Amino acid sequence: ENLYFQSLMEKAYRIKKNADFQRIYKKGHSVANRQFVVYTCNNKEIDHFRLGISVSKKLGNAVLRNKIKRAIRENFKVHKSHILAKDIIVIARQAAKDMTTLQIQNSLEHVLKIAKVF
């Protein structure tokens, strides 16, 4: 269906509130590979995963930041059906910029396996 209704459903899988980010940083578990830090945390009110993304401004220019965000969202679309019901924050590290599009997907899958979400 259309872009409006796609966005209706997909908004539920996104973490928007700064309060949620900060709760997850304080209460969640963290792991990291060279390209990504990942925090995960249970949300008792929610029975499906949610994703929040952080790409620092230090990483580079807007085109690059948007490329990294896109690659993360794309990976979660590929695996939507089998991500455990956790709130998840993905933080791109400086080194994510040094990877190709294929590499960054593999790196994401690896880190998310370490984080035990799957």
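Just count from 1 along the sequence shown to find any residue number.
When the mean C-alpha temperature factors of 60-68 and 36-44 are read from the deposited coordinates, 60-68 comes out higher. Per-stretch averaging of Cα B factors for 45-53 and 73-81 places 73-81 on top. The residue among 24, 108, 9, 99 whose C-alpha atom has the highest B-factor in the PDB entry is 9. Residue-level temperature factors show residue 118 in the highest third of its chain, judged at the C-alpha atom.
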